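Take a look at this single chain, the form deposited in one PDB entry, given in structure tokens.
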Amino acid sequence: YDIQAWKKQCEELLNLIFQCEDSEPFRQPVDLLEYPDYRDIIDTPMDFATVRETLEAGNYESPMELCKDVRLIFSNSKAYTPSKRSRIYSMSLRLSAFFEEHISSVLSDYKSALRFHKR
């Protein structure tokens, strides 16, 4: 029932994501010199360094907010991909599955802790 536990759990999950090779295209903002039309398709860029920095600055109030930004990294990759078979998009699907598998307990524990707080 620790209402604050999600933060370190998210830091550790981001550490695992950064250790994974599949995260390399998503660790920093998409390079507009490499993909000059990126902002014509993507309205809200997002990357794992921005998520980590937001978390470390104390600018997420809940793990749901962090989860919304991580999911935006994946939806941007899906919206920008020219093919559902593309390399970068394929890496995003594996990273997404790993992220969802691990964030589920973080979200559950946080929501359970908040319900206990308001019992």
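The first residue of the sequence shown is number 1, and the count goes up from there. Here, rigid core means the biggest group of C-alpha atoms that superpose within 1.5 Å across both forms.
After superposition on the rigid core, the larger root-mean-square Cα deviation in 8 other deposited structures of this protein belongs to 29-37, not to the other of 64-72 and 29-37. Relative to the displayed structure, the C-alphas of 79-87 lie farther away on average in 8 other deposited structures of this protein than those of the other candidate, with 55-63 and 79-87 compared after rigid core superposition. Legend: mean Cα B-factor per stretch from the PDB entry, 27-35 versus 86-94; the higher mean is in 27-35.
Mean CA B-factor, 66-74 versus 36-44: the higher value falls on 36-44. Remark: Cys10 belongs to the lowest third of its chain, ranked by C-alpha B-factor as recorded. Ranked by Cα temperature factor within the chain, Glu101 sits in the middle third according to the deposited record.
Keep in mind that the form solved in complex with a small molecule is not shown, yet the notes after this line are about it.
Contact between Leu55 and the small molecule in the bound PDB entry is not found at the 4.5 Å heavy atom cutoff.
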